[PDB]
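K.L.:
Structure incoming, see below.
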Amino acid sequence: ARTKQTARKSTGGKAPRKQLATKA
Amino acid sequence: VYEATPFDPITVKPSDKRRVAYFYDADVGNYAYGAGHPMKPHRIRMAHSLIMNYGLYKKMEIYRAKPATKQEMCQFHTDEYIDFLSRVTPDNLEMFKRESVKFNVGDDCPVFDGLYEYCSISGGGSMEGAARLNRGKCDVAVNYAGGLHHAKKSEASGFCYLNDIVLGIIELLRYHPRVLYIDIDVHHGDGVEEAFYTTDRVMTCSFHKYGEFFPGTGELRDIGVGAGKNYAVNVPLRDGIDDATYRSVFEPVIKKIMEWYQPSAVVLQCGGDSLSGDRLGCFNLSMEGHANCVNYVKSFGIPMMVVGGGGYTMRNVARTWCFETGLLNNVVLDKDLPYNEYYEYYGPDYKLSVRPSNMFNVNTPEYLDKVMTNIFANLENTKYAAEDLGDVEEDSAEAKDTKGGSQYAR
Amino acid sequence: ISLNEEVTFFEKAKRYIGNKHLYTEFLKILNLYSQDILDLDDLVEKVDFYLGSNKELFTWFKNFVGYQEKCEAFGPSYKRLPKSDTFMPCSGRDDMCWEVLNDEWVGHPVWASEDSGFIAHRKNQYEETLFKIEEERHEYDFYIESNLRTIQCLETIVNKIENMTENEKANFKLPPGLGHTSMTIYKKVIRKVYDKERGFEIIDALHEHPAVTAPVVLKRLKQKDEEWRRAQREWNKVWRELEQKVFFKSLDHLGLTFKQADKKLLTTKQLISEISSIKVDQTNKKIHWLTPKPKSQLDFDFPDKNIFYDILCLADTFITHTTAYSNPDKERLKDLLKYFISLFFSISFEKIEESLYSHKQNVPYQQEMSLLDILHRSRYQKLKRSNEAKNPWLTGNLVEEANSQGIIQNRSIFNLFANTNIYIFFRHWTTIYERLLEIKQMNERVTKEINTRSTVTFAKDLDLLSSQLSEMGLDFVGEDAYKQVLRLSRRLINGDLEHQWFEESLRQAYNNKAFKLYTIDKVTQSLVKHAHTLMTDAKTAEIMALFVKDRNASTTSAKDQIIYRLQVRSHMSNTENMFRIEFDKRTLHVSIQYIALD
Amino acid sequence: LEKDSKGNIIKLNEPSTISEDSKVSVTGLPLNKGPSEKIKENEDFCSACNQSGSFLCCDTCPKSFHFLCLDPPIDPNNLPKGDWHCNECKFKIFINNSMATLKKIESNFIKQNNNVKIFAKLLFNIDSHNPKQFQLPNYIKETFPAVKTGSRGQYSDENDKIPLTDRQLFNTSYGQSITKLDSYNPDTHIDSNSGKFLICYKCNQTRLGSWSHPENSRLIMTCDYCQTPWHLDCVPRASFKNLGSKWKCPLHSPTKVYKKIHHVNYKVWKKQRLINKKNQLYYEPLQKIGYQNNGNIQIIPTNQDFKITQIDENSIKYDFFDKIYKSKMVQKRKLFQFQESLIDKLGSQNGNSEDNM
Amino acid sequence: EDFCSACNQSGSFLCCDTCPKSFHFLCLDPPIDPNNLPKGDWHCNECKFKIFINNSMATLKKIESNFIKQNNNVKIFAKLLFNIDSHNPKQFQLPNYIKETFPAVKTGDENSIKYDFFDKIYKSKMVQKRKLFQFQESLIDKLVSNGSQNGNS
Amino acid sequence: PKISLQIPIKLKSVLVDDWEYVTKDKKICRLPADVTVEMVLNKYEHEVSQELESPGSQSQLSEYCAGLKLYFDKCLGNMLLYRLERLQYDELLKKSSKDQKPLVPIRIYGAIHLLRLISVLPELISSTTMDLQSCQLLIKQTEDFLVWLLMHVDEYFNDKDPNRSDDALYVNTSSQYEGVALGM
Amino acid sequence: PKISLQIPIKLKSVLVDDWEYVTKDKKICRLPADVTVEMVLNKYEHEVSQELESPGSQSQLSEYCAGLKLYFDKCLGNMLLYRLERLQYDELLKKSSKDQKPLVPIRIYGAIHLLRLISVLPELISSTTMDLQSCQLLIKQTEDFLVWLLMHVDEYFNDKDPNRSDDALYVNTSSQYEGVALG
Ligand SMILES: [Ca+2]
Ligand SMILES: [Zn+2]
C-alpha cells in the first residue's frame, strides 16, 4: 500500500508550543 | 501588602560563607538544537568561560557529574518515554511516527544528534548536586547545564526533554523532609508544579507571565489539590516587570514562605528568560535586579541548589550566570570583562551588564497588592509540619579544566 | 425601624446596580439561592461583586442572610485522569517516589490555551537583527569548537601510535568514543567534513584500523579548522559593526514608536479628553461614592525656574529660523513668549532678556511694552516705531478666591480664565517643562556616570569600541549632560544635525531613559504655532486683554473675579468650554480647572 | 575509505563543502559587506475525518483514510501486505465477479436471518459503506440555536470567541499591538459609538492618565456578554484574554453550580440549553410564591418539558425573604433546643438563672 | 330537548336560538321571570361566550392572559374566575365522591406593593417573636413551680 | 390525573345530611344568615396569620382567603344553589334591585354555602388549565382550611342551642312556595 | 423520501452535551460502562413485554430488540465513534485478540452510544431501499423506545464531573492518548 505522509508531527499544531512550527 | 520601594545595590552578606560546588561537564557545549532554534547549549560554555577568567575557580570546587543512567532517568519519566529517547536520532525519525506525536519530540523540541547524551548530562548534574548537599560536602550546588523545568512525565515540552529538577528534588527528598522550589523563569514551571502538585513535601513557588503566554498555566488560583493544597504558589505577573518592582514582590513572598513553610533545602531555578532582550520572554529585569533574587534566597542560610534552566540570548544569560556565581562565593564581580575565548559576543561596551530596556512597566501597584494578598491568605495554611543511589561519584574535574577558560593570549 | 430597610432593600439595590440588564442577573442569582441550588456563602460572594462599594448596604445584606465569616479549590489548569491510565510503568521508582510524585492530575498547553494558541511577544526590527547575528555567531562557533574537542581527542591518540611498534600498530583498535567521555561528538564532526554518507566508513575505518586512519583524519580536521577560523575573523568585523549600529535601538522599545505616537496623542482633542476624564471621575463617584465636587481637576508644579529661560531660548531659535512666519510678525512671536511668561510666572522680564542675550552670545531702548500692546497689531507699531449688573455670587467654587471680606488686599493667588486655544497653548508649555525637567533631575547622576565610564583595556588595545560618535562629538564627555542636551537640540531646529544622529546620542548618554526628547523640534514648533493664534484670532486676544488687566490687579474683590469671569464668557461662543488656570505665586503651583458652566 | 588495510588509506573524498550555512558558506568570507560595515491522484483529506494526517490510500479509487479511522484500525508499524482496498471497493469487488446481481446476494441475506428481518436491509447495507466519523444529524443541531459546527467538526458554542483574523495577530506595526494593549492605548478608555468614557464597575472611575504620565493609566476591558467595563485590576486579571473564549464578566449569573450536600458528595445543576425559538414554551405560573423554577427563568418586568418559567420581580422578593425567615427560625430553634437540652440532661438545677438578670 | 339542564328536569323553556339546549326560567343566573322576556335570542352563557370572543383562540388565550395579569390581587383564583362566566348555570349536585363514601343514599400601585410587602413582613415579625418568646417562657417553666427570670422583660 | 381533595369525615356528613333537608324538608336558610361567609372567612385570615412566620406564607394566606371571597360571589348564582334555593335566590336580586344596592353574596349567605363550594372545588380545577404545582397549593390551603373548620364545626355547622329554630340554619317553608320552586 | 424522527428534547439535549465533551472538552466515556447497550435493551424488552397483551406485538418488539443489537455490532465500528474515540476503540480490539475473546460492542459500550445509532437512523433508512410500511414500523417502534428512554433518562445519563466523581460516564484523556488519536 502507499501511504502519503503527515507533514507536521505534533497534536498541538504548535499554536500552543513555543518556537512554533506553525505559530512563528 | 505590596510596598513599592526603590532598588538598592546588591550587598554581600559576610555572615554566610558557603563552600560552593560547580558542576561543569565540558561536552555540554557541543550540542546544538537546530538551524534557528532558540535553546543553545553553548550558553553554558560561555557562562563557564567567563567564570574561569574571574578566577572564581579559586573559591569554587569544580566537579563533573557522572551522566545519569537510563534507569535513574526513569524514576520520574515512564519507561516508554526514556526508551524512545535512547534510540531516537535524526536518521531514525521515519521509523518513529506514532511516538513522535505521542511524545512531543522532534517538531518544536527537535531530535538533534546526541539527544540522549545531552539529557544524560543534565540530570546527573542536578541529581548529584542534591547528593552532595545531603552528605554535607557542599552548602551550594551550581548546575547550569541542567534546570530543564518544562518536561513532563511522558512528554517533551518547552525545549526540555528530561526534567532534571524533579530528578534533583527527589534526591534531596531522601534526606530533607521539606524542599522548596523557586522559579524565576518568565515561563510557568509546569513541569515541576505538575509533578509535585499532590505532595506537601515540596512547594513550588513560580513567578511567570500569565495571559496566554506559554504554557498558559500557573493562574493564581492554582494552589494544588489533595494533601498539597496551598503548597503550590503561583505569582502571575504582567508584562514589563523591572528591577525595583520585582524585588518588592520576590522578597516579601519568599520571606513569608520560609517563615510559614520552613524548607530544609531550596532548589532555585535561575531562569535566563526573564532578563531584558531575550527573544521569547517579555520582562524588563536587568542583571542586578535578577541576581538580587539569588542573593536574597542565599541569605537565609539553608542548603540550596542553583540550576541553569532556560536562557535564550547567549550574551545576556552568560553574563548574569557568572555574576550570580560571584554572589554565591561572597564576591561582587568587577564590571569589566576579562579576556575570554568568546569575547566578541559581549558588545558593545564589553562590560558585565545587562542593560534594562525602555519598555513600559504595566504591573500596577493596585494589581500587585491583590495578587500578593491572595497568596498570603493561602500561605497562612502552610504551617510547618546498574542503580546508583545518592549518586556521589563526582570526578574532581578541575585538574583537567584549568587550562580551559583561563587565557593569557597576549 | 429595621423593617424600613428590608421593605426597601431591593429598591436600594435597584438604584445602585443601575442598568436593568445587570439588575436582572442580580435577581437570577437571588433566585438560585431561594431554589436551594446555590449555597449561602456562594450567594454572598456573588452579591459582593454587585453591592461591594456600598459598605453600609452590603454589611446590612450580610447581616440579613446571616453570613458568618471566620478540595473544591481545584483550579482551572489541571484536570484529573482516570485511575487506569496511571498504571504505565516506571522502572526505577522507589516506594518513596510513589507517595511524592503526581500521576492523577495533569495539565497541558493545548487545554490551557483553549486550543486557540498563544501570543508571542513582539520584537523590534532591530532586536530581530541581534537575533540573526546571534545565530550566525553560534553557527560558526558551534562547528569550530566541536571540531577542537575532536582534535585533542585524536591528538592524544596519534602520539600513541608513533610510540607503538609497527607490528603493534597492526592491532590497536579504538573502542567507541575513542576512550573519550562523549560517544556522539566525534561523529557529528567527522560526518560534516567527510561528505555525509562517505563519512560513515571513515568511523568504521577509524575504529577498525586507526593506525593508518587517525593520522589522516587529524590532518584534515586541523586543515578544516584553519579555514573555519579564517572565516570567523572576517565575519567578526561584519558582526561587530552591525551590532554597533543597531544595539541601542533594540533596547529602545518606546523611542522608536515615540515620534508617531507624539503627534497622535498631543493634540487639541486628547488634551481636553484627558482633563475632562478627571472631572467625570470626581462627579461619577459623587453619583456612587459621593465624592464632593472639587476645584482644580489638573495640577501642575514648577520647581525649577531656569527651565523657562531654556524653553524660551529654544523657541527663540525656532522662530528666527522658521520660514513660515513673516519677518515683521516674528518680532511679536518672540515678544509674546517673554512677556506672557514674565507675566504668568512672576519672573522679571529683564532677567529673561539677559538669559536670551547670553544664549545669543554663545551662538537700543526699551520702553514698557505691555503684553496688552502686543496682542493688538495697531498699537504694536507705535511701540515698534519708537526706539453686567445684579449678578450675585452663587457658584463660589469656580472663583477659588473667597479669602477676605469685601476686597482681598494682597493675594498671591491668580487665576487665568481661558479659551480652548489658550489652555492648549499652556499645555504645550507644560509639556516641554515636564520633558525638560526630568532630564535636569537626572543631570547630576548622569553627568558623573558619563565621565567615569572607562574603556576595557582588552577592548582598547584591539580596535573594538565604537568611535563613530566621538569623531562626530556627540558623546557627553566634556560637558554636563543637560546643558549639552540643549545645545544639541538648538542644532536640531537649526537643521545642522540629522535626526537619527541626535537620537542615537541620547541613547548612549542616558541609557534610553531620555527618549521623550526626540520631538523637541516639533513640540517647540507646535508651541510657537499655538502662540501665533494668540495674536491673531482677535476674539482670543481680547481674552488675554482682560487677563493682563486682572493679573496686574493686586486687590481683587470676590465679585471682581465674577466680573472678570462673565466678561470673558461674553467673548467665547455659548458652545465653547472655558478653562480656569490658577497660579499660586508662593508655591509656583499651577492648577487647571475644567469648566462647562451656563 | 578503501585501503589495503596493511597499506595507507586512500583519502575518503574531497570534501564538497558547499554548505549554504546560515552565513553563506562556512569557509567563505562575508560577501560584499555592504551593510553592517560603517566605512564600506489520491486526495489529501481523510474520507472519514475530512482532515489532514498520515493516510493509508485506497488503490482502486481516490479515497484516503487515516490509520485510525478505517475499520478495524491498522497499525502504522504493521500493515496488510500488498495492495489494499477500502471496504467500499472490497464490496464492489466482492459483489462483482461472483453471484453478480446484488439482489440475489441480498435476497439470500434476508432469507438467511428471518428473525432480524425488520433490520435485514440495514444490516446488509452497512457492509458496503466506508468507515465514517460520527456527526450529529442537522435536525438535532438545528434545535439549539447557540450550537454551531466549527471548522474541524468541533462543538462551538456562543461562549467561544470568534477567531481573530490571522493578519491581526501577526501583521501590526510595532507601536500598537492589537493582541495586547500593553503600549498605552488611551482610546480604550472611550466608548466608540457614544463617545463617553467607559467607567469600571468596581471603582466607578475611568483612569485615563495624561500623556505626560502614562503610569497613572489603568487598563480597562469590557465584558463580552455584559459590555460593562472592568479594570484589569478590579477583577484581578492578568491580561485581556482575546484568544481563547469570551470573557464572562463577574456580575453574570452562573450557568453551572456544584452544590455540596454536606450529608455522592455533590449535586450538579446545569442551566437548560436555549431551544429553538418556536419549540420554546414560556410559562407564567398561577402560583406567585414558591414555584420551583429549577433555575430556569425569564424576568417579567411586572415532549417539551423545557419550559422557561416566567417570574415576576416581586415574586423573587417574597421567595428570597421566605427562605431567609424560615432558616432563621430553624437556626434559633436548634440553638434554643440545645441550651434547653442540657437542662433536659439535668435534684436541684443550680443553673444560677435567678442570679442572672 | 324536554328537560332543563340546570333544573335537571322537564321545565318550561327560554331557548337560545344557536344552541338546541334550552333552560328553565328559574335557574337563570340573572333571574329572568317568564313575564319579562328578552327579545328573541336569549343567548345562553355558553353561547354568549363564543360570540363575545368571536370563537377565536388567540383572543381567548389573550383575553385570558389579560385576565390573569389584571387580577394580580388574587392570582391563584384566576383561571377559575375566568371559566365561570362561560359555563351555563347548573343546579348544585352533591358530588359523587362525598356521596360514594356514605353507605346509603335517599334521593336519586407602587406604594401598594411596598405596603403589601411591608405588612406581611410586619405580621411575620410578631409570629416570629411570639414563637421565640413562648420557647423562652417554656425555659422559665422548665424550672418547676416558678419562672427562672421570675418576671417579664 | 383527577384532583384528590379530602373532606373531613364529619364535614362529609354535614353536607350530605344538609342536602337531605332541602330536598325533603324543603327548609331555607334565614338570610342574611346568623354566621356570614365574611366573618367566618375573614376570621380565618386573622388567626392563621398569627401562626405563619414566613413572609410568603402570610401572602398565600391572604391570597387564597381574599380570592375565596371573590370566587364565591361569581359562583353563587351559577352552581352552589338548589332548585328550591334558586327560587329564594331570585327574590334577593329584586330585593337588591328595589334598594338599587348591588347584591353581595358573601356578606349575606352562611358558611354552609361556602362548604358547598369547597366540595364542588376539585371538579372545577379539572376544567382549568393550571399546572400541577399551582393546583397543589390551591388544594393545600383548602385542606388546611377545613382543618380549621373542625375546631369550630360545632359552633355554626353543628346546631348550637338547637331548640330554637333560628339557631337551625335552614327553616321550613310553605308548600305553595315549593310549587313555585318546581316551576310547573 | 425524508424520514422524520421525533427525539424528545431531553434526549436531544444529552447528545449535544455528548458532542461537547468529546470534541471540545476532549473527554471520552469509560468504555466498559455499567449500563451497556445489552442490558438497556434487556430491561426495555422485559418491561414492555409484560405491558402489552397481544402476542402479535410481542414478536414485533422482540425482533426490534434482537435486531437493534445485531445492527449495533456492525454499526459501531463504522459510524458511531468520534475521531478522538477511535484509538480507545482500537485498544479494545487489541485487548480482545490478546484475551482471545472477540469483542462484542453491545457488551462494552454504554447507552449513549445506542442513542448515537438512533440519531442517524433516519439517514441510514433513507439511503437503503426498504418497504414504506417498514419505515413507519421502525420509526414508530423507535419513537416508542425513546419515550421509554425518557422515563428513565435520570439513571442512565447523569451529569457528574469527571474530575470529581470518577464514576462519571466520561473520563478525561491523557496528553498522550489525545496526541495519537488526533495527530
Ligand atoms: Ca506542592
Ligand atoms: Zn523559560
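Each chain in the C-alpha cells gets a letter, A, B, ..., in the order shown, and its residues are numbered from 1; ligands are numbered from 1 in order too.
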Residues of chain C no more than 6 Å from chain A, counting only C-alpha atoms: send them over as an MDAnalysis selection string.

P.N.:
chainID C and resid 109:110 117:118

K.L.:
Step by step, measure atom-to-atom distances between ligand 2 and each residue using only C-alpha atoms and all ligand atoms, keep those at most 8 Å, then write them as a list in words.

P.N.:
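Taking only C-alpha atoms and all ligand atoms into account, the residues around ligand 2 at most 8 Å away are residues 158, 185, 186, 187, 188, 271, 272, 273, 274, 280, 281, 309, 310 and 311 of chain B.
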
K.L.:
Dump N, CA, C and O atoms for the selected residues as a PDB file, in the first residue's frame?

P.N.:
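Now in selection-v3.pdb:
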ATOM      1  N   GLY B 158       8.538  22.695  25.775  1.00  0.00           N
ATOM      2  CA  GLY B 158       9.346  23.862  26.076  1.00  0.00           C
ATOM      3  C   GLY B 158      10.835  23.622  26.014  1.00  0.00           C
ATOM      4  O   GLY B 158      11.565  24.064  26.907  1.00  0.00           O
ATOM      5  N   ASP B 185      12.077  31.865  36.063  1.00  0.00           N
ATOM      6  CA  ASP B 185      11.979  31.901  34.613  1.00  0.00           C
ATOM      7  C   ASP B 185      10.631  32.494  34.221  1.00  0.00           C
ATOM      8  O   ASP B 185       9.624  32.276  34.899  1.00  0.00           O
ATOM      9  N   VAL B 186      10.617  33.258  33.127  1.00  0.00           N
ATOM     10  CA  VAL B 186       9.414  34.006  32.762  1.00  0.00           C
ATOM     11  C   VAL B 186       8.265  33.059  32.439  1.00  0.00           C
ATOM     12  O   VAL B 186       7.091  33.423  32.563  1.00  0.00           O
ATOM     13  N   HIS B 187       8.576  31.836  32.022  1.00  0.00           N
ATOM     14  CA  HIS B 187       7.531  30.857  31.774  1.00  0.00           C
ATOM     15  C   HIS B 187       7.133  30.172  33.072  1.00  0.00           C
ATOM     16  O   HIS B 187       7.894  30.152  34.043  1.00  0.00           O
ATOM     17  N   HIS B 188       5.930  29.613  33.089  1.00  0.00           N
ATOM     18  CA  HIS B 188       5.472  28.878  34.257  1.00  0.00           C
ATOM     19  C   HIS B 188       6.161  27.524  34.323  1.00  0.00           C
ATOM     20  O   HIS B 188       6.215  26.788  33.335  1.00  0.00           O
ATOM     21  N   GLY B 271      16.279  31.221  35.959  1.00  0.00           N
ATOM     22  CA  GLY B 271      15.956  31.310  34.552  1.00  0.00           C
ATOM     23  C   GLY B 271      16.569  32.529  33.901  1.00  0.00           C
ATOM     24  O   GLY B 271      16.570  33.618  34.478  1.00  0.00           O
ATOM     25  N   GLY B 272      17.103  32.354  32.693  1.00  0.00           N
ATOM     26  CA  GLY B 272      17.668  33.488  31.986  1.00  0.00           C
ATOM     27  C   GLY B 272      16.632  34.250  31.185  1.00  0.00           C
ATOM     28  O   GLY B 272      16.883  35.373  30.744  1.00  0.00           O
ATOM     29  N   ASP B 273      15.448  33.661  31.006  1.00  0.00           N
ATOM     30  CA  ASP B 273      14.459  34.231  30.097  1.00  0.00           C
ATOM     31  C   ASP B 273      13.922  35.560  30.608  1.00  0.00           C
ATOM     32  O   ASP B 273      13.482  36.404  29.819  1.00  0.00           O
ATOM     33  N   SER B 274      13.934  35.762  31.925  1.00  0.00           N
ATOM     34  CA  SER B 274      13.322  36.960  32.488  1.00  0.00           C
ATOM     35  C   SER B 274      14.115  38.210  32.138  1.00  0.00           C
ATOM     36  O   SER B 274      13.562  39.315  32.118  1.00  0.00           O
ATOM     37  N   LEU B 280      12.282  35.207  23.539  1.00  0.00           N
ATOM     38  CA  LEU B 280      10.990  34.599  23.829  1.00  0.00           C
ATOM     39  C   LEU B 280      10.317  35.147  25.079  1.00  0.00           C
ATOM     40  O   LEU B 280       9.106  34.978  25.229  1.00  0.00           O
ATOM     41  N   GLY B 281      11.056  35.801  25.974  1.00  0.00           N
ATOM     42  CA  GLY B 281      10.491  36.270  27.217  1.00  0.00           C
ATOM     43  C   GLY B 281      10.311  37.775  27.204  1.00  0.00           C
ATOM     44  O   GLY B 281      11.074  38.510  26.579  1.00  0.00           O
ATOM     45  N   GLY B 309      18.547  26.162  33.991  1.00  0.00           N
ATOM     46  CA  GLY B 309      17.263  26.394  33.370  1.00  0.00           C
ATOM     47  C   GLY B 309      17.395  26.947  31.958  1.00  0.00           C
ATOM     48  O   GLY B 309      18.329  26.638  31.215  1.00  0.00           O
ATOM     49  N   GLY B 310      16.431  27.786  31.595  1.00  0.00           N
ATOM     50  CA  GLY B 310      16.311  28.301  30.243  1.00  0.00           C
ATOM     51  C   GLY B 310      16.876  29.707  30.125  1.00  0.00           C
ATOM     52  O   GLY B 310      16.616  30.566  30.969  1.00  0.00           O
ATOM     53  N   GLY B 311      17.652  29.920  29.064  1.00  0.00           N
ATOM     54  CA  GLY B 311      18.149  31.230  28.693  1.00  0.00           C
ATOM     55  C   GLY B 311      18.365  31.297  27.195  1.00  0.00           C
ATOM     56  O   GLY B 311      19.067  30.452  26.635  1.00  0.00           O
TER      57      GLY B 311
END

K.L.:
Show me, as a VMD selection string, the residues that have an atom within 12 Å of residue 207 of chain D when counting only C-alpha atoms, minus same-chain residues fewer than 4 positions from it.

P.N.:
(chain C and resid 273 to 282) or (chain D and resid 184 186 to 190 197 to 200 203 213 to 220 229 to 233)

K.L.:
Write a file of the just-selected residues containing C-alpha atoms, as a PDB file, in the first residue's frame.

P.N.:
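Below is the file that was written, part_21.pdb:
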ATOM      1  CA  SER C 273     -10.340  64.459  26.752  1.00  0.00           C
ATOM      2  CA  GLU C 274      -7.635  63.882  29.371  1.00  0.00           C
ATOM      3  CA  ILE C 275      -8.677  66.780  31.616  1.00  0.00           C
ATOM      4  CA  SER C 276     -12.382  66.038  31.188  1.00  0.00           C
ATOM      5  CA  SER C 277     -11.746  62.426  32.195  1.00  0.00           C
ATOM      6  CA  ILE C 278     -10.639  63.601  35.642  1.00  0.00           C
ATOM      7  CA  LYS C 279     -13.697  65.828  36.043  1.00  0.00           C
ATOM      8  CA  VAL C 280     -16.103  62.970  35.340  1.00  0.00           C
ATOM      9  CA  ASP C 281     -14.363  60.723  37.879  1.00  0.00           C
ATOM     10  CA  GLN C 282     -14.882  63.222  40.696  1.00  0.00           C
TER      11      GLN C 282
ATOM     12  CA  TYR D 184      -0.597  52.815  26.434  1.00  0.00           C
ATOM     13  CA  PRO D 186      -5.774  55.723  25.523  1.00  0.00           C
ATOM     14  CA  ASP D 187      -8.621  55.103  23.080  1.00  0.00           C
ATOM     15  CA  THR D 188      -9.516  52.056  25.146  1.00  0.00           C
ATOM     16  CA  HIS D 189     -10.933  54.479  27.746  1.00  0.00           C
ATOM     17  CA  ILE D 190     -13.651  55.681  25.374  1.00  0.00           C
ATOM     18  CA  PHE D 197     -15.878  57.273  28.811  1.00  0.00           C
ATOM     19  CA  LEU D 198     -16.050  53.647  29.861  1.00  0.00           C
ATOM     20  CA  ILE D 199     -16.426  53.510  33.647  1.00  0.00           C
ATOM     21  CA  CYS D 200     -15.316  50.495  35.660  1.00  0.00           C
ATOM     22  CA  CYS D 203     -14.399  51.602  41.464  1.00  0.00           C
ATOM     23  CA  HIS D 213       2.359  60.386  32.911  1.00  0.00           C
ATOM     24  CA  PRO D 214       1.026  57.084  31.486  1.00  0.00           C
ATOM     25  CA  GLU D 215       1.606  55.110  34.700  1.00  0.00           C
ATOM     26  CA  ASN D 216      -1.491  56.793  36.111  1.00  0.00           C
ATOM     27  CA  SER D 217      -3.496  54.949  33.461  1.00  0.00           C
ATOM     28  CA  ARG D 218      -5.045  51.625  34.459  1.00  0.00           C
ATOM     29  CA  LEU D 219      -6.057  49.075  31.844  1.00  0.00           C
ATOM     30  CA  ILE D 220      -9.777  48.614  31.160  1.00  0.00           C
ATOM     31  CA  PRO D 229     -16.138  47.870  31.511  1.00  0.00           C
ATOM     32  CA  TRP D 230     -13.827  46.497  34.204  1.00  0.00           C
ATOM     33  CA  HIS D 231     -10.279  47.374  35.158  1.00  0.00           C
ATOM     34  CA  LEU D 232      -7.741  44.597  34.844  1.00  0.00           C
ATOM     35  CA  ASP D 233      -7.088  45.432  38.433  1.00  0.00           C
TER      36      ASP D 233
END

K.L.:
What's the separation between atom CA of residue 198 of chain C and atom CA of residue 118 of chain B, in Å to one decimal place?

P.N.:
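Going from atom CA of residue 198 of chain C over to atom CA of residue 118 of chain B, I get 25.9 Å.
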
K.L.:
When you get a sec, could you note down which chain B residues fall within 12 Å of chain A, using only C-alpha atoms, as a ChimeraX atom specification?

P.N.:
/B:34,36-39,93-94,96-111,150,155-160,187,212-217,279-281,312

K.L.:
Taking only C-alpha atoms and all ligand atoms into account, report as a PyMOL selection string which residues have an atom no farther than 9 Å from an atom of ligand 1.

P.N.:
chain B and resi 180+192-205+223-225+227-233

K.L.:
I'd like the interatomic distance between atom CA of residue 71 of chain B and atom CA of residue 86 of chain B, to a tenth of an Å.

P.N.:
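Going from atom CA of residue 71 of chain B over to atom CA of residue 86 of chain B covers 11.5 Å.
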
K.L.:
Give me, as a count of residues only, the contact residues of chain E against chain D at a cut-off of 7 Å, counting only C-alpha atoms.

P.N.:
5

K.L.:
Pull the helix (DSSP H, G or I) assignments for segment 36-243 of chain B out of DSSP run on the backbone, and list those residues as an NGL selection string.

P.N.:
:B and (42-53 or 56-58 or 72-75 or 79-87 or 90-92 or 98-102 or 115-135 or 164-172 or 190-196 or 226-228 or 243)

K.L.:
Residues of chain C within 8 Å of chain G, using only C-alpha atoms, as a list in words?

P.N.:
residues 79, 80, 81, 82, 85, 106 and 108 of chain C

K.L.:
Hey, can you spit out that residue selection with N, CA and C atoms as a PDB file, in the first residue's frame?

P.N.:
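Below is the file that was written, selection19.pdb:
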ATOM      1  N   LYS C  79      -6.642  18.931  35.186  1.00  0.00           N
ATOM      2  CA  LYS C  79      -7.769  18.013  35.081  1.00  0.00           C
ATOM      3  C   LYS C  79      -7.338  16.638  35.569  1.00  0.00           C
ATOM      4  N   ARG C  80      -8.278  15.880  36.128  1.00  0.00           N
ATOM      5  CA  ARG C  80      -7.953  14.564  36.664  1.00  0.00           C
ATOM      6  C   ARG C  80      -7.981  13.509  35.567  1.00  0.00           C
ATOM      7  N   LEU C  81      -7.011  12.603  35.603  1.00  0.00           N
ATOM      8  CA  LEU C  81      -7.005  11.442  34.732  1.00  0.00           C
ATOM      9  C   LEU C  81      -7.745  10.286  35.392  1.00  0.00           C
ATOM     10  N   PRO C  82      -8.225   9.323  34.610  1.00  0.00           N
ATOM     11  CA  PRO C  82      -8.816   8.126  35.209  1.00  0.00           C
ATOM     12  C   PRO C  82      -7.758   7.293  35.916  1.00  0.00           C
ATOM     13  N   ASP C  85      -5.210   4.857  33.591  1.00  0.00           N
ATOM     14  CA  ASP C  85      -4.108   5.390  32.794  1.00  0.00           C
ATOM     15  C   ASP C  85      -2.864   5.634  33.640  1.00  0.00           C
ATOM     16  N   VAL C 106      -3.020  16.241  35.688  1.00  0.00           N
ATOM     17  CA  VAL C 106      -2.188  16.603  34.549  1.00  0.00           C
ATOM     18  C   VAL C 106      -2.743  17.873  33.922  1.00  0.00           C
ATOM     19  N   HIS C 108      -1.950  20.526  30.311  1.00  0.00           N
ATOM     20  CA  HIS C 108      -1.219  20.616  29.059  1.00  0.00           C
ATOM     21  C   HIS C 108      -1.495  21.953  28.388  1.00  0.00           C
TER      22      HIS C 108
END

K.L.:
Give one line per residue of chain D that approaches chain A to at most 7 Å, naming the two atoms of the closest pair and their distance in Å to one decimal, counting only C-alpha atoms; sort by chain then ascending residue number and deliver it as a Markdown table.

P.N.:
| residue | atom | partner | partner_atom | distance |
| --- | --- | --- | --- | --- |
| D:53 | CA | A:6 | CA | 4.8 |
| D:54 | CA | A:6 | CA | 4.4 |
| D:55 | CA | A:3 | CA | 5.4 |
| D:56 | CA | A:3 | CA | 4.6 |
| D:57 | CA | A:3 | CA | 5.8 |
| D:82 | CA | A:1 | CA | 6.1 |
| D:83 | CA | A:1 | CA | 5.2 |
| D:84 | CA | A:1 | CA | 5.8 |

K.L.:
Using only C-alpha atoms, which residue out of F:65, F:29, F:137, F:106 lies closest to chain D?

P.N.:
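Smallest distance to chain D is found for F:137.
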
K.L.:
Find the residues of chain D in contact range of chain G, meaning any atom within 7 Å when counting only C-alpha atoms, and list them as a PyMOL selection string.

P.N.:
chain D and resi 49+53+68-69+71+73+115-116+119+123+125-126+131-134+137+140+154-155+268+303-304

K.L.:
For C-alpha atoms, I'd like the residues from the last selection saved as a compact mmCIF listing (two decimals), in the first residue's frame.

P.N.:
# COMPACT_ATOMS: atom_id res chain seq x y z
CA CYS D 49 -12.43 12.77 9.25
CA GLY D 53 -2.74 13.47 8.70
CA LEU D 68 -7.16 5.03 12.99
CA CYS D 69 -10.36 5.67 11.04
CA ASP D 71 -12.42 -0.32 10.48
CA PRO D 73 -7.82 0.24 12.81
CA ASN D 115 -35.69 -13.08 12.92
CA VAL D 116 -33.88 -9.76 12.40
CA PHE D 119 -33.40 -4.76 10.21
CA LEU D 123 -27.52 -4.86 8.21
CA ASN D 125 -26.12 -2.20 3.56
CA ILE D 126 -23.65 -1.49 6.37
CA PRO D 131 -15.80 4.00 7.84
CA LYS D 132 -17.04 7.42 8.90
CA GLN D 133 -16.70 9.92 11.73
CA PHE D 134 -19.91 10.44 13.67
CA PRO D 137 -27.67 14.98 12.08
CA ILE D 140 -30.54 17.86 16.19
CA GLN D 154 -15.85 20.82 16.89
CA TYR D 155 -18.67 21.76 19.21
CA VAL D 268 -24.73 19.36 39.86
CA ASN D 303 -42.09 16.32 24.56
CA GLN D 304 -41.33 19.85 25.77

K.L.:
At what distance in Å, to one decimal, does atom CA of residue 551 of chain C lie from atom CA of residue 415 of chain C?

P.N.:
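Answer for the atom CA of residue 415 of chain C to atom CA of residue 551 of chain C separation: 8.0 Å.
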